[PDB]
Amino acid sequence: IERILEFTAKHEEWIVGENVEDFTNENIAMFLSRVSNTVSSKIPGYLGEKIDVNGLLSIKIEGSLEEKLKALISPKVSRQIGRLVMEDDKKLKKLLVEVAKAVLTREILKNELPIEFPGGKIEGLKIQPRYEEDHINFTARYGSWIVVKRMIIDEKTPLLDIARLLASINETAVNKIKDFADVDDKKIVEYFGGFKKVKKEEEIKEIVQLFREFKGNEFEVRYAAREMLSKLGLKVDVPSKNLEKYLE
């Protein structure tokens, strides 16, 4: 297909649309940033068949950033999350717990760290929806890069499948922003290389400080935050593969 970069969504009262028409790296990165923020914000509303999301987002994580991080990796919170997952199968429950944990981690930390990308969320209809029926549509073609992640939404569409698609779209956005913004992600990985499986309060303090000292622009810091969190086993992007494996 020819050059295109668009996102539209139409489901119940959620109707939004945005595209790029002036194809600069800045505009592409800002579009993908907004897509990431938008789809990530909507994922929890599609997890209700398997996760008690109201209960999940009602979990209290108190204190400074360092204290919140310690809480998020704690056995207590893992047990709290497990209790909110409606699954009996040990293997499948583990997959859903990790998804729930990623949702909680994003919501707890987004005002403490640069978790969301710049630019906020898509709230209006810059373009009209590409399809008349309810749908999710992410379509990208630029140079050799092509991604088509879309589906029609029926009354028989599993909500968890919409969650999966939204998570997959988020993954594309996160993967590609660092290409369009020329983020040296290898350097970021090596920057945090002195830490592994961070559990102790003292080490959490150290890694947060190292993150704060990271010199980078608005895009680079989002990846530094993600890398720092990865050392604690924390994620802020829902792993679509977990939902894929459940739905199989």
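Sequential numbering from 1, following the sequence displayed.
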Residue range whose averaged C-alpha B-factor is higher in the record, 150 to 158 or 107 to 115: 150 to 158
Mind pulling up the entry and telling me whether 49 to 57 or 216 to 224 has the higher mean Cα temperature factor? 49 to 57
The residue of 34, 68, 187, 200 with the maximal C-alpha B-factor according to the PDB record is 200
Quick tally, chain-level thirds of C-alpha B-factors: residue 176 sits in the lowest
Where the record places residue 83 (Cα B-factor, split into thirds across the chain): middle
Considering every modelled residue of the chain and its Cα B-factor in the PDB entry, is residue 100 in the lowest, middle or highest third? lowest
Using the temperature factors of the C-alpha atoms in this entry, rank residue 169 within its chain: lowest, middle or highest third. lowest
Chain thirds by Cα B factor, record data; residue 92 belongs to the highest
